[PDB]
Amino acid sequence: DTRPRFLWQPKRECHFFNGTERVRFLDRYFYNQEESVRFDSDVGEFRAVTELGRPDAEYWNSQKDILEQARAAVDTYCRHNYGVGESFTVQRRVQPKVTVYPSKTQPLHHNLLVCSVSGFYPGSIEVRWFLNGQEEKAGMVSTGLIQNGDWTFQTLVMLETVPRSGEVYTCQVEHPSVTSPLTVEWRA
């Protein structure tokens, strides 16, 4: 296909701070990925972000019923929708499947000691590496947070290691789904 494309993409945002104490609502409109006009709770009126959205901001602001619906979305829409999902959204907790494994070779050769942490929720995780019960502060090549898109995360924190027989390496994962830090071990 070669015909030219035109895209209008509205985005209605609800940003939450201290749970539901301070909520900020944004009504944003994008024409061809360029923002044309917006409504920001904290401003209280529609403002043109670009010259294309200037007639829209003038018109929508001159309509008392449009303004008062925007001005009240923070309780009517934001706070309301937050409370609808809270049980399965804000309070969703899925436990991670931690599994240590090498990238394979002989000891005394260098290797990457992987720590695959899979299928967890939320993305708030802290992964820590240990050599004989002492935290390895450096030599870690993380993959960062990978959003699986099925309300599930995954991260891989590989350790740069020169293994020697008798050494025990332990991966320590701290996450809200667990009361006690999860631990997996690999001995050289």
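Quick note: we count residues from 1 along the sequence shown, nothing fancier.
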### Task
Using none, 1 to 3, 4 to 9 or 10 or more, say how many deposited residues go missing between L108 and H109.
1 to 3
### Task
Name the higher of the two by mean Cα B-factor in the PDB entry, 170 to 178 versus 21 to 29.
170 to 178
### Query
Of the two stretches 57 to 65 and 119 to 127, which shows the higher Cα B-factor on average in the entry?
119 to 127
### Query
Going by the deposited entry, which of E51, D40, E35, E135 has the highest CA temperature factor?
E135
### Query
Out of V90, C78, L112, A72, which one has a C-alpha B factor higher than all the others in the entry?
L112
### Task
Could you look up the Cα B-factor of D150 in the entry and say which third of the chain it sits in: lowest, middle or highest?
middle
### Query
With respect to C-alpha B-factor, does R3 fall in the lowest, middle or highest third of the chain as deposited?
middle
